[PDB]
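Enquirer: TSV, C-alpha atoms and all ligand atoms, file protein-v3.tsv:
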```tsv
chain	number	residue	atom	x	y	z
A	14	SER	CA	69.63	128.52	87.25
A	15	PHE	CA	70.38	125.02	88.57
A	16	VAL	CA	66.73	123.87	88.14
A	17	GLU	CA	67.47	123.29	84.45
A	18	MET	CA	69.82	120.45	85.45
A	19	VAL	CA	67.58	118.61	87.93
A	20	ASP	CA	66.68	115.12	86.63
A	21	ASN	CA	69.11	115.29	83.70
A	22	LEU	CA	70.46	111.76	84.36
A	23	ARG	CA	68.99	108.39	83.30
A	24	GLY	CA	70.23	104.83	83.55
A	25	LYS	CA	69.58	101.12	83.86
A	26	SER	CA	70.38	99.32	87.14
A	27	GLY	CA	73.95	97.98	87.13
A	28	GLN	CA	74.76	99.84	83.88
A	29	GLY	CA	75.69	103.37	85.03
A	30	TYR	CA	74.12	106.82	84.81
A	31	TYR	CA	74.27	108.99	81.68
A	32	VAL	CA	73.66	112.58	80.58
A	33	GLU	CA	72.80	113.93	77.13
A	34	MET	CA	75.54	115.84	75.27
A	35	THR	CA	76.26	117.09	71.77
A	36	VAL	CA	79.58	117.12	69.93
A	37	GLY	CA	80.56	118.77	66.65
A	38	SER	CA	79.15	121.31	64.19
A	39	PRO	CA	76.31	120.68	63.39
A	40	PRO	CA	75.53	119.11	66.82
A	41	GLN	CA	75.44	115.31	67.08
A	42	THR	CA	73.41	114.01	70.04
A	43	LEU	CA	74.88	111.26	72.23
A	44	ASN	CA	74.27	109.75	75.67
A	45	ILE	CA	77.42	109.86	77.83
A	46	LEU	CA	78.06	107.85	81.01
A	47	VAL	CA	79.19	109.96	84.01
A	48	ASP	CA	82.31	108.43	85.61
A	49	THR	CA	84.10	109.94	88.62
A	50	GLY	CA	86.44	106.90	88.45
A	51	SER	CA	88.37	107.95	85.29
A	52	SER	CA	89.48	111.06	83.38
A	53	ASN	CA	89.03	110.47	79.62
A	54	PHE	CA	86.16	111.76	77.49
A	55	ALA	CA	85.50	109.12	74.80
A	56	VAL	CA	82.71	108.20	72.39
A	57	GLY	CA	81.85	105.43	69.96
A	58	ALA	CA	83.10	106.57	66.54
A	59	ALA	CA	82.63	103.38	64.48
A	60	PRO	CA	79.84	100.79	64.09
A	61	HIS	CA	79.35	98.30	66.93
A	62	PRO	CA	76.54	95.76	67.53
A	63	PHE	CA	75.58	97.43	70.84
A	64	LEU	CA	75.73	101.05	69.59
A	65	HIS	CA	72.53	102.69	68.35
A	66	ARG	CA	74.54	105.64	67.00
A	67	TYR	CA	78.07	107.03	67.07
A	68	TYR	CA	80.18	110.13	66.51
A	69	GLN	CA	80.85	110.88	62.81
A	70	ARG	CA	83.95	113.07	62.55
A	71	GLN	CA	83.60	113.46	58.78
A	72	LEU	CA	80.31	115.34	59.37
A	73	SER	CA	81.67	117.97	61.81
A	74	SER	CA	83.20	121.15	60.42
A	75	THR	CA	84.80	121.88	63.82
A	76	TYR	CA	86.59	118.52	64.22
A	77	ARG	CA	90.38	118.62	64.55
A	78	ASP	CA	92.58	115.54	64.34
A	79	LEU	CA	95.38	115.22	66.92
A	80	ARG	CA	97.31	112.52	64.96
A	81	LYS	CA	97.87	110.41	68.10
A	82	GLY	CA	96.39	107.12	69.37
A	83	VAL	CA	94.96	106.27	72.81
A	84	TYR	CA	93.73	103.27	74.81
A	85	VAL	CA	92.18	102.94	78.29
A	86	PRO	CA	92.10	99.68	80.32
A	87	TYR	CA	89.51	99.75	83.11
A	88	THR	CA	88.98	97.06	85.76
A	89	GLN	CA	86.26	95.58	83.52
A	90	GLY	CA	86.40	96.57	79.85
A	91	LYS	CA	88.73	98.46	77.53
A	92	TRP	CA	88.80	100.45	74.31
A	93	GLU	CA	91.29	101.99	71.90
A	94	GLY	CA	90.85	104.90	69.52
A	95	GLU	CA	92.08	108.12	67.98
A	96	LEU	CA	92.50	111.52	69.69
A	97	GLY	CA	91.05	114.83	68.49
A	98	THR	CA	89.20	117.95	69.59
A	99	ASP	CA	85.73	119.30	68.86
A	100	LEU	CA	83.04	121.54	70.34
A	101	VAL	CA	80.83	120.05	73.05
A	102	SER	CA	77.61	121.13	74.81
A	103	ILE	CA	75.29	119.78	77.50
A	104	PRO	CA	71.64	120.57	76.59
A	105	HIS	CA	70.36	120.09	80.17
A	106	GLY	CA	73.39	121.78	81.67
A	107	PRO	CA	75.04	125.19	81.69
A	108	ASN	CA	74.49	127.28	78.58
A	109	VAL	CA	78.05	127.13	77.25
A	110	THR	CA	80.13	125.45	74.54
A	111	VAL	CA	83.67	124.13	75.00
A	112	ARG	CA	86.42	122.78	72.79
A	113	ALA	CA	87.33	119.48	74.43
A	114	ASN	CA	89.61	116.51	73.95
A	115	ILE	CA	87.67	113.59	72.49
A	116	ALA	CA	88.83	109.99	72.16
A	117	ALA	CA	87.05	108.53	69.11
A	118	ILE	CA	86.55	104.84	69.94
A	119	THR	CA	87.35	102.50	67.02
A	120	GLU	CA	87.72	99.16	68.80
A	121	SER	CA	86.55	97.86	72.17
A	122	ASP	CA	86.27	94.72	74.32
A	123	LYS	CA	83.50	94.22	76.94
A	124	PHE	CA	82.95	98.01	77.23
A	125	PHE	CA	79.63	98.74	75.52
A	126	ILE	CA	76.66	96.88	77.01
A	127	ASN	CA	73.86	95.31	75.00
A	128	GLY	CA	70.96	97.78	75.00
A	129	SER	CA	72.32	100.24	77.58
A	130	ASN	CA	71.29	103.47	75.70
A	131	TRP	CA	74.64	105.27	76.22
A	132	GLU	CA	77.36	105.62	73.56
A	133	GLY	CA	80.33	107.30	75.31
A	134	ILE	CA	81.99	108.12	78.63
A	135	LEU	CA	82.78	111.33	80.55
A	136	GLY	CA	85.63	110.77	83.00
A	137	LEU	CA	85.33	113.44	85.69
A	138	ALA	CA	88.54	112.80	87.74
A	139	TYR	CA	91.93	114.55	87.44
A	140	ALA	CA	94.59	114.72	84.74
A	141	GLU	CA	97.01	112.54	86.74
A	142	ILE	CA	95.21	109.32	85.64
A	143	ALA	CA	94.31	110.35	82.08
A	144	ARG	CA	95.59	108.28	79.10
A	145	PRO	CA	97.90	108.32	77.31
A	146	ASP	CA	99.34	110.60	80.03
A	147	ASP	CA	98.47	113.61	82.23
A	148	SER	CA	98.99	116.11	79.44
A	149	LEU	CA	95.58	115.33	77.90
A	150	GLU	CA	93.37	117.91	79.62
A	151	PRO	CA	90.17	116.28	80.98
A	152	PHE	CA	86.78	117.69	79.97
A	153	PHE	CA	85.91	119.33	83.29
A	154	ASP	CA	89.28	121.12	83.41
A	155	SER	CA	88.60	122.51	79.90
A	156	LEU	CA	85.09	123.57	80.94
A	157	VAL	CA	86.43	125.51	83.94
A	158	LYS	CA	89.25	127.06	81.91
A	159	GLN	CA	87.08	128.30	79.04
A	160	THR	CA	83.89	129.43	80.87
A	161	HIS	CA	82.76	131.06	84.11
A	162	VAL	CA	81.36	127.78	85.50
A	163	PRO	CA	82.65	127.31	89.08
A	164	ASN	CA	85.06	124.44	89.79
A	165	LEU	CA	82.65	122.02	91.44
A	166	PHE	CA	79.85	119.63	90.56
A	167	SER	CA	77.39	117.48	92.48
A	168	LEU	CA	75.77	114.09	91.87
A	169	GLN	CA	72.39	112.84	93.11
A	170	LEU	CA	72.11	109.20	91.96
A	171	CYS	CA	68.66	107.72	92.64
A	172	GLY	CA	68.12	103.99	93.01
A	173	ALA	CA	65.79	101.49	91.38
A	185	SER	CA	64.68	102.31	85.28
A	186	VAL	CA	66.73	104.82	87.38
A	187	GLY	CA	67.36	108.56	87.30
A	188	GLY	CA	69.25	111.37	88.97
A	189	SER	CA	70.86	114.79	88.68
A	190	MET	CA	74.31	116.15	87.83
A	191	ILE	CA	74.46	119.80	88.93
A	192	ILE	CA	77.36	121.35	86.99
A	193	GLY	CA	78.87	124.36	88.77
A	194	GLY	CA	77.13	124.30	92.15
A	195	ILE	CA	74.89	122.85	94.84
A	196	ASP	CA	71.08	122.67	94.51
A	197	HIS	CA	69.59	122.88	97.98
A	198	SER	CA	66.28	121.25	97.04
A	199	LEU	CA	68.06	117.92	96.41
A	200	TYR	CA	69.04	117.09	100.02
A	201	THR	CA	67.98	117.37	103.66
A	202	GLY	CA	70.06	118.04	106.76
A	203	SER	CA	73.70	119.08	106.83
A	204	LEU	CA	76.45	118.40	104.33
A	205	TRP	CA	79.50	116.68	105.84
A	206	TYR	CA	82.87	117.04	104.07
A	207	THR	CA	85.89	114.74	103.76
A	208	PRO	CA	89.25	115.86	102.28
A	209	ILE	CA	90.25	114.82	98.79
A	210	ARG	CA	93.52	113.19	99.80
A	211	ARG	CA	95.26	113.62	96.43
A	212	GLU	CA	94.03	114.88	93.06
A	213	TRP	CA	94.18	111.79	90.87
A	214	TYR	CA	91.19	109.58	91.58
A	215	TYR	CA	88.70	111.17	93.99
A	216	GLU	CA	90.66	109.64	96.89
A	217	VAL	CA	89.41	109.69	100.50
A	218	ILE	CA	90.36	108.11	103.86
A	219	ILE	CA	88.05	105.71	105.74
A	220	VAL	CA	88.87	105.76	109.48
A	221	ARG	CA	86.35	103.29	110.99
A	222	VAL	CA	83.83	100.65	109.91
A	223	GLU	CA	80.82	99.34	111.86
A	224	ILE	CA	78.23	96.68	111.00
A	225	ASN	CA	74.97	96.85	113.00
A	226	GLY	CA	76.82	99.04	115.51
A	227	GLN	CA	79.81	96.71	116.06
A	228	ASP	CA	83.32	97.86	115.15
A	229	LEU	CA	85.09	95.55	112.68
A	230	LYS	CA	88.18	96.29	114.81
A	231	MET	CA	90.89	96.24	112.16
A	232	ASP	CA	93.90	98.46	111.64
A	233	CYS	CA	92.28	101.34	109.80
A	234	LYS	CA	95.10	101.10	107.23
A	235	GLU	CA	93.35	97.92	106.03
A	236	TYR	CA	90.34	100.01	104.99
A	237	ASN	CA	92.48	102.11	102.61
A	238	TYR	CA	94.89	99.46	101.25
A	239	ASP	CA	95.99	100.58	98.83
A	240	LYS	CA	93.50	103.47	98.31
A	241	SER	CA	89.84	104.45	98.71
A	242	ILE	CA	88.01	106.19	95.86
A	243	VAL	CA	84.52	107.54	95.08
A	244	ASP	CA	83.56	105.98	91.72
A	245	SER	CA	80.16	106.54	90.07
A	246	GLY	CA	81.34	104.30	87.21
A	247	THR	CA	81.48	101.11	89.34
A	248	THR	CA	78.27	99.45	90.57
A	249	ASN	CA	79.36	97.70	93.80
A	250	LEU	CA	80.96	98.47	97.10
A	251	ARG	CA	84.36	96.84	96.57
A	252	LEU	CA	86.52	96.01	99.60
A	253	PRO	CA	90.12	94.80	100.03
A	254	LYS	CA	90.41	91.06	100.66
A	255	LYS	CA	90.88	91.19	104.44
A	256	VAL	CA	88.08	93.75	104.91
A	257	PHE	CA	85.76	91.91	102.51
A	258	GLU	CA	86.22	88.64	104.41
A	259	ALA	CA	85.51	90.30	107.77
A	260	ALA	CA	82.40	92.00	106.40
A	261	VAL	CA	80.93	88.91	104.72
A	262	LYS	CA	81.46	86.82	107.86
A	263	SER	CA	79.53	89.43	109.86
A	264	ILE	CA	76.71	89.79	107.31
A	265	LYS	CA	76.44	85.99	107.12
A	266	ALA	CA	76.04	85.70	110.90
A	267	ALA	CA	73.41	88.45	111.06
A	268	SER	CA	71.37	86.66	108.36
A	269	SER	CA	71.92	83.01	109.42
A	270	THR	CA	68.13	82.75	109.97
A	271	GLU	CA	68.13	81.87	106.26
A	272	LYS	CA	70.71	80.20	104.06
A	273	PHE	CA	71.96	81.08	100.59
A	274	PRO	CA	74.18	79.42	97.98
A	275	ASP	CA	77.83	80.33	98.48
A	276	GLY	CA	77.79	81.67	94.92
A	277	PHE	CA	75.35	84.31	96.12
A	278	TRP	CA	78.05	85.72	98.44
A	279	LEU	CA	80.45	85.78	95.45
A	280	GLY	CA	78.10	88.04	93.46
A	281	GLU	CA	77.22	85.32	90.90
A	282	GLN	CA	73.89	83.74	91.89
A	283	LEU	CA	70.81	85.81	92.67
A	284	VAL	CA	68.37	85.12	95.52
A	285	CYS	CA	64.58	85.50	95.43
A	286	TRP	CA	61.65	85.66	97.84
A	287	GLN	CA	57.90	85.79	97.34
A	288	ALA	CA	57.01	89.29	96.13
A	289	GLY	CA	56.74	91.70	99.05
A	290	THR	CA	58.33	89.34	101.60
A	291	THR	CA	62.03	90.24	101.33
A	292	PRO	CA	63.32	89.88	104.97
A	293	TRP	CA	65.14	93.22	105.11
A	294	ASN	CA	65.36	93.22	108.93
A	295	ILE	CA	67.90	90.34	109.03
A	296	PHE	CA	70.52	92.19	106.95
A	297	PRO	CA	72.71	94.60	108.96
A	298	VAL	CA	73.45	98.28	108.33
A	299	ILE	CA	77.02	99.30	107.41
A	300	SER	CA	78.59	102.51	108.73
A	301	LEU	CA	81.65	104.00	107.01
A	302	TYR	CA	83.39	106.77	109.00
A	303	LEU	CA	85.33	109.32	106.90
A	304	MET	CA	88.00	111.86	107.85
A	305	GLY	CA	86.50	115.26	108.65
A	306	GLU	CA	87.60	118.87	108.14
A	307	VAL	CA	88.98	119.67	111.66
A	308	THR	CA	91.55	118.03	113.96
A	309	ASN	CA	90.52	114.62	115.36
A	310	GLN	CA	87.02	114.89	113.78
A	311	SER	CA	85.22	112.36	111.54
A	312	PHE	CA	81.60	111.72	110.42
A	313	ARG	CA	79.74	108.59	109.29
A	314	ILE	CA	77.48	107.47	106.47
A	315	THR	CA	75.14	104.53	107.05
A	316	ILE	CA	74.18	102.10	104.26
A	317	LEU	CA	70.92	100.02	104.28
A	318	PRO	CA	70.54	96.52	102.76
A	319	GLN	CA	68.25	98.01	100.12
A	320	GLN	CA	71.52	99.54	98.80
A	321	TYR	CA	73.87	96.53	98.78
A	322	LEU	CA	71.19	94.02	97.64
A	323	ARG	CA	70.77	95.19	94.07
A	324	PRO	CA	67.40	94.15	92.57
A	325	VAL	CA	67.58	92.15	89.33
A	326	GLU	CA	64.94	90.90	86.90
A	327	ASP	CA	63.83	87.32	87.53
A	328	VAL	CA	64.89	85.26	84.50
A	329	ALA	CA	62.31	82.64	85.52
A	330	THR	CA	58.54	82.35	85.08
A	331	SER	CA	57.91	83.31	88.70
A	332	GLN	CA	57.44	86.97	89.60
A	333	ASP	CA	59.30	87.27	92.90
A	334	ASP	CA	61.74	89.86	94.21
A	335	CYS	CA	65.27	88.82	93.24
A	336	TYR	CA	68.60	90.39	94.19
A	337	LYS	CA	72.36	90.15	93.75
A	338	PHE	CA	74.87	90.76	96.56
A	339	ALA	CA	76.55	94.06	95.57
A	340	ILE	CA	79.63	93.91	97.80
A	341	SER	CA	82.65	92.21	96.24
A	342	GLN	CA	86.36	91.72	96.68
A	343	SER	CA	89.06	94.06	95.39
A	344	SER	CA	92.84	93.96	95.05
A	345	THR	CA	93.19	97.68	94.20
A	346	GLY	CA	91.64	99.33	97.29
A	347	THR	CA	88.12	100.28	98.36
A	348	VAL	CA	85.66	101.43	95.70
A	349	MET	CA	82.69	103.48	96.93
A	350	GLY	CA	80.49	102.71	93.93
A	351	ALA	CA	77.02	103.60	92.73
A	352	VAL	CA	75.13	101.59	95.36
A	353	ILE	CA	76.99	103.59	98.02
A	354	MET	CA	76.27	106.92	96.29
A	355	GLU	CA	72.55	106.18	95.74
A	356	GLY	CA	70.44	107.96	98.33
A	357	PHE	CA	73.14	110.52	99.12
A	358	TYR	CA	73.78	113.91	97.58
A	359	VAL	CA	77.53	113.92	96.85
A	360	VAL	CA	79.39	117.20	96.27
A	361	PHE	CA	82.72	117.08	94.42
A	362	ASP	CA	84.10	120.41	95.63
A	363	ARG	CA	87.30	120.57	93.57
A	364	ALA	CA	87.93	124.25	94.38
A	365	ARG	CA	88.23	123.43	98.09
A	366	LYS	CA	89.71	119.91	97.69
A	367	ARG	CA	86.83	118.15	99.46
A	368	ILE	CA	83.86	115.83	98.96
A	369	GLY	CA	80.51	116.46	100.69
A	370	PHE	CA	77.76	114.01	101.72
A	371	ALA	CA	74.12	114.58	102.73
A	372	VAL	CA	70.90	112.55	102.80
A	373	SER	CA	69.38	112.73	99.32
A	374	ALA	CA	65.84	113.82	98.52
A	375	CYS	CA	65.52	110.44	96.74
A	376	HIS	CA	66.66	108.52	99.78
A	377	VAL	CA	66.26	104.79	100.41
A	378	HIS	CA	63.31	103.74	102.56
A	379	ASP	CA	63.17	100.97	105.16
A	380	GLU	CA	60.41	100.49	107.72
A	381	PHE	CA	62.28	100.85	111.01
A	382	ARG	CA	65.69	102.16	109.79
A	383	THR	CA	67.04	105.05	107.71
A	384	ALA	CA	70.16	105.96	105.75
A	385	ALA	CA	71.98	108.82	107.45
A	386	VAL	CA	75.00	111.14	107.49
A	387	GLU	CA	75.84	112.01	111.09
A	388	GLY	CA	78.51	113.96	112.96
A	389	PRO	CA	80.70	115.09	114.57
A	390	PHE	CA	82.66	112.12	115.95
A	391	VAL	CA	86.07	112.18	117.62
A	392	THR	CA	88.72	109.91	116.06
A	393	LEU	CA	92.36	109.97	117.15
A	394	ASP	CA	95.36	109.42	114.84
A	395	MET	CA	93.31	109.63	111.60
A	396	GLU	CA	96.53	110.39	109.70
A	397	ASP	CA	97.69	106.82	110.43
A	398	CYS	CA	94.81	105.39	108.37
A	399	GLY	CA	96.26	106.49	105.04
A	400	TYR	CA	98.30	103.91	103.16
A	401	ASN	CA	101.78	104.79	101.90
B	1	LIG	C1	83.02	94.11	90.36
B	1	LIG	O1	83.56	95.30	89.80
B	1	LIG	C2	83.74	95.22	88.38
B	1	LIG	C3	83.24	96.47	87.70
B	1	LIG	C4	81.87	96.74	87.63
B	1	LIG	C5	81.40	97.89	86.99
B	1	LIG	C6	82.31	98.79	86.42
B	1	LIG	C7	83.68	98.54	86.51
B	1	LIG	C8	84.14	97.38	87.13
B	1	LIG	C9	84.65	99.50	85.89
B	1	LIG	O2	85.75	99.13	85.52
B	1	LIG	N1	84.24	100.78	85.79
B	1	LIG	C10	85.04	101.81	85.17
B	1	LIG	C11	85.61	102.81	86.19
B	1	LIG	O3	86.22	103.89	85.48
B	1	LIG	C12	86.68	102.20	87.10
B	1	LIG	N2	87.14	103.27	88.01
B	1	LIG	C13	88.38	102.93	88.72
B	1	LIG	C14	89.50	102.48	87.78
B	1	LIG	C15	89.93	101.16	87.78
B	1	LIG	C16	90.94	100.75	86.92
B	1	LIG	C17	91.53	101.66	86.05
B	1	LIG	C18	91.12	102.98	86.04
B	1	LIG	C19	91.79	103.98	85.10
B	1	LIG	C20	91.21	103.97	83.69
B	1	LIG	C21	91.77	105.40	85.66
B	1	LIG	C22	90.11	103.38	86.91
B	1	LIG	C23	84.18	102.56	84.15
B	1	LIG	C24	83.36	101.59	83.29
B	1	LIG	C25	84.27	100.85	82.31
B	1	LIG	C26	82.22	102.31	82.56
B	1	LIG	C27	81.28	101.38	81.78
B	1	LIG	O4	80.67	100.45	82.67
B	1	LIG	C28	79.54	100.99	83.37
B	1	LIG	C29	78.61	99.85	83.75
B	1	LIG	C30	79.28	98.77	84.61
B	1	LIG	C31	79.46	99.19	86.12
B	1	LIG	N3	80.04	98.14	86.93
```
Can you dump the structure from the file as structure tokens?
Expert:
Amino acid sequence: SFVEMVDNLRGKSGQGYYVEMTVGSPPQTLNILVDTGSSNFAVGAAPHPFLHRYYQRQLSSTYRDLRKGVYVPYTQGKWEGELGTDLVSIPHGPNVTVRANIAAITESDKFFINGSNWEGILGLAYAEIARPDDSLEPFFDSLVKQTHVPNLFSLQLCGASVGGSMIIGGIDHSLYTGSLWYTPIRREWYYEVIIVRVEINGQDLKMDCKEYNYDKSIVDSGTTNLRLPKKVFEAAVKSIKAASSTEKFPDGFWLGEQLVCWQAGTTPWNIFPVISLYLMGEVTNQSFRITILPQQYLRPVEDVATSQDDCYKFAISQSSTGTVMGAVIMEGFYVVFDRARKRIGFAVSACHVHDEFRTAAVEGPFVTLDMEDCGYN
């Protein structure tokens, strides 16, 4: 019965992916962003210039007030609101109804985006990072507790506006080719993983693999970019600069600010390298790799000028809170969040990224010694 959930996600480039949900009795329809980087379910519940609609608690006969406040500060953006419970459904999802915690957003700063078409957020990670604390049961935990839906979900995010699939409760085999490769969920808070090797155009960055996971590595559908710790970011940019020195770019392009354009159809893809991230495997001394094409980390953006070229922003940026495997990493892979077995699976997506002479891939097995040393403590 998973076919009912194929293509249930929509989005705009750089603005996240969302699914349709209803809350309350009678049902109120809202678009909800899917975020594996947080654990709170929250919706606009008061007028805002960028909200087309919002949750109206006064109109739901099943609303219950929890008489407690809540606020969530993300990397970029924040909101505050009031906690309660209500009934929730997913029209293009499993045929069930759950009573869930809901944060009703009353005030916000740089959270809602002008004309994005979503009005709330579904944090899919674990209770340990929920606000105000880990006693607020996240939505997916409530879903599993109250229904027969199995404790796993999968995400197929398709690139550039954009679409995809969230399969709730299983794996849909028509959405990927080849084998799935699994990496352990290191700890149930974020979806935390361990990167054990990095290569650019086949050359090892040759750093202490602890640097790759300082101070953590997470899979985060709610962040656009690949975000790298300072030392790793500097090594990667230096290598991508050298591979592309045939041309030259403003230094603000490498900082993610300025865009770059070429005459339509003449983007020089061949001069940007491929990036391979090796992840810890399921058996002793075994890893596997995923390979990222430049069509993934050069995010296409609308040309604000009168010319009609192809324009892009550099979608790798610096972090001080660990590695973030964001949406441009997840695009073109089928990613399985297998919570029951504490693991995350990767395979080549049916909506994979195309190049002319190169292809995104998930390949294994590889042998990697001392993988346990790569985790940061
Ligand atoms: C260059 O990068 C800046 C950047 C770009 C982006 C997002 C975030 C940061 C972002 O901030 N996205 C957080 C994720 O939840 C963050 N996940 C990890 C995380 C980080 C800090 C705190 C927490 C807590 C709440 C658990 C969790 C979720 C967003 C608010 C959701 C709304 O934005 C979606 C469109 C913008 C996507 N582009």
Enquirer: List as number ranges by chain the protein and nucleic acid residues lying within 9 Å of ligand LIG 1 (chain B), with all atoms listed in the file counted.
Expert: A: 26-30, 46-53, 85-91, 123-126, 129, 133-134, 136, 138, 141-144, 213-214, 242-251, 280, 339-343, 345, 348, 350-351
Enquirer: Keeping only C-alpha atoms, write those residues as a PDB file, in the frame of the given file.
Expert:
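Saved as out.pdb:
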```pdb
ATOM      1  CA  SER A  26      70.380  99.320  87.140  1.00  0.00           C
ATOM      2  CA  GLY A  27      73.950  97.980  87.130  1.00  0.00           C
ATOM      3  CA  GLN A  28      74.760  99.840  83.880  1.00  0.00           C
ATOM      4  CA  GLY A  29      75.690 103.370  85.030  1.00  0.00           C
ATOM      5  CA  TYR A  30      74.120 106.820  84.810  1.00  0.00           C
ATOM      6  CA  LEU A  46      78.060 107.850  81.010  1.00  0.00           C
ATOM      7  CA  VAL A  47      79.190 109.960  84.010  1.00  0.00           C
ATOM      8  CA  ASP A  48      82.310 108.430  85.610  1.00  0.00           C
ATOM      9  CA  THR A  49      84.100 109.940  88.620  1.00  0.00           C
ATOM     10  CA  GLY A  50      86.440 106.900  88.450  1.00  0.00           C
ATOM     11  CA  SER A  51      88.370 107.950  85.290  1.00  0.00           C
ATOM     12  CA  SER A  52      89.480 111.060  83.380  1.00  0.00           C
ATOM     13  CA  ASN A  53      89.030 110.470  79.620  1.00  0.00           C
ATOM     14  CA  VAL A  85      92.180 102.940  78.290  1.00  0.00           C
ATOM     15  CA  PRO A  86      92.100  99.680  80.320  1.00  0.00           C
ATOM     16  CA  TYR A  87      89.510  99.750  83.110  1.00  0.00           C
ATOM     17  CA  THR A  88      88.980  97.060  85.760  1.00  0.00           C
ATOM     18  CA  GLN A  89      86.260  95.580  83.520  1.00  0.00           C
ATOM     19  CA  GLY A  90      86.400  96.570  79.850  1.00  0.00           C
ATOM     20  CA  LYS A  91      88.730  98.460  77.530  1.00  0.00           C
ATOM     21  CA  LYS A 123      83.500  94.220  76.940  1.00  0.00           C
ATOM     22  CA  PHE A 124      82.950  98.010  77.230  1.00  0.00           C
ATOM     23  CA  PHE A 125      79.630  98.740  75.520  1.00  0.00           C
ATOM     24  CA  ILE A 126      76.660  96.880  77.010  1.00  0.00           C
ATOM     25  CA  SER A 129      72.320 100.240  77.580  1.00  0.00           C
ATOM     26  CA  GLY A 133      80.330 107.300  75.310  1.00  0.00           C
ATOM     27  CA  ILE A 134      81.990 108.120  78.630  1.00  0.00           C
ATOM     28  CA  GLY A 136      85.630 110.770  83.000  1.00  0.00           C
ATOM     29  CA  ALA A 138      88.540 112.800  87.740  1.00  0.00           C
ATOM     30  CA  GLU A 141      97.010 112.540  86.740  1.00  0.00           C
ATOM     31  CA  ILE A 142      95.210 109.320  85.640  1.00  0.00           C
ATOM     32  CA  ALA A 143      94.310 110.350  82.080  1.00  0.00           C
ATOM     33  CA  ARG A 144      95.590 108.280  79.100  1.00  0.00           C
ATOM     34  CA  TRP A 213      94.180 111.790  90.870  1.00  0.00           C
ATOM     35  CA  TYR A 214      91.190 109.580  91.580  1.00  0.00           C
ATOM     36  CA  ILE A 242      88.010 106.190  95.860  1.00  0.00           C
ATOM     37  CA  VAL A 243      84.520 107.540  95.080  1.00  0.00           C
ATOM     38  CA  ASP A 244      83.560 105.980  91.720  1.00  0.00           C
ATOM     39  CA  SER A 245      80.160 106.540  90.070  1.00  0.00           C
ATOM     40  CA  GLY A 246      81.340 104.300  87.210  1.00  0.00           C
ATOM     41  CA  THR A 247      81.480 101.110  89.340  1.00  0.00           C
ATOM     42  CA  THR A 248      78.270  99.450  90.570  1.00  0.00           C
ATOM     43  CA  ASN A 249      79.360  97.700  93.800  1.00  0.00           C
ATOM     44  CA  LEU A 250      80.960  98.470  97.100  1.00  0.00           C
ATOM     45  CA  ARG A 251      84.360  96.840  96.570  1.00  0.00           C
ATOM     46  CA  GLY A 280      78.100  88.040  93.460  1.00  0.00           C
ATOM     47  CA  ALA A 339      76.550  94.060  95.570  1.00  0.00           C
ATOM     48  CA  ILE A 340      79.630  93.910  97.800  1.00  0.00           C
ATOM     49  CA  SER A 341      82.650  92.210  96.240  1.00  0.00           C
ATOM     50  CA  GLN A 342      86.360  91.720  96.680  1.00  0.00           C
ATOM     51  CA  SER A 343      89.060  94.060  95.390  1.00  0.00           C
ATOM     52  CA  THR A 345      93.190  97.680  94.200  1.00  0.00           C
ATOM     53  CA  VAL A 348      85.660 101.430  95.700  1.00  0.00           C
ATOM     54  CA  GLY A 350      80.490 102.710  93.930  1.00  0.00           C
ATOM     55  CA  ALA A 351      77.020 103.600  92.730  1.00  0.00           C
TER      56      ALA A 351
END
```
Enquirer: Given all atoms listed in the file as the basis, pick out the residue of A:335, A:398, A:284, A:301 nearest to residue 240 (chain A).
Expert: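 Result for the nearest residue to residue 240 (chain A): A:398.
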Enquirer: Mind checking which residues fall within 6 Å of region 356-372 of chain A, counting all atoms listed in the file, ignoring those fewer than 2 positions away in the same chain, and posting them as a list in words?
Expert: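 The filter keeps residues 164, 165, 166, 167, 168, 169, 171, 200, 201, 204, 205, 206, 207, 208, 209, 354, 375, 376, 377 and 386 of chain A.
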Enquirer: Rounded to one decimal in Å, what is the spacing between CA of residue 271 (chain A) and CA of residue 296 (chain A)?
Expert: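 CA of residue 296 (chain A) lies 10.6 Å from CA of residue 271 (chain A).
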Enquirer: Just the residues within 10 Å of region 99-111 of chain A, please, counting all atoms listed in the file, with nothing from its chain fewer than 2 positions along; format it as a PyMOL selection string.
Expert: chain A and resi 14-22+32-42+70+73-78+97+113-115+152-153+155-162+190-193
Enquirer: In Å, how far is it from CA of residue 224 (chain A) to CA of residue 303 (chain A)?
Expert: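 Atom-to-atom, CA of residue 224 (chain A) and CA of residue 303 (chain A) are spaced 15.1 Å apart.
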Enquirer: From (56.8, 82.7, 91.0), in the file's coordinates, out to 9 Å: which residues are reached, counting only C-alpha atoms? Answer as a list in words.
Expert: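 Here the neighbourhood of the point contains residues 286, 287, 288, 329, 330, 331, 332 and 333 of chain A.
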Enquirer: When you count only C-alpha atoms, which of these residues is closest to residue 315 (chain A): A:268, A:225, A:98, A:263?
Expert: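 Result for the nearest residue to residue 315 (chain A): A:225.
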Enquirer: So the first atom is CA of residue 23 (chain A) and the second is CA of residue 355 (chain A); what is the distance between them in Å, to one decimal place?
Expert: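 These two atoms are separated by 13.1 Å.
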Enquirer: Find the residues around residue 388 (chain A) up to 9 Å (all atoms listed in the file counted), leave out those fewer than 3 positions away in its own chain, and share them as JSON, numbers by chain.
Expert: {"A": [205, 310, 311, 312, 313]}
Enquirer: For a quick check of understanding, using only C-alpha atoms, which of A:374, A:81, A:60, A:132 has the smallest distance to residue 43 (chain A)?
Expert: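 Of the candidates, the smallest distance to residue 43 (chain A) is held by A:132.
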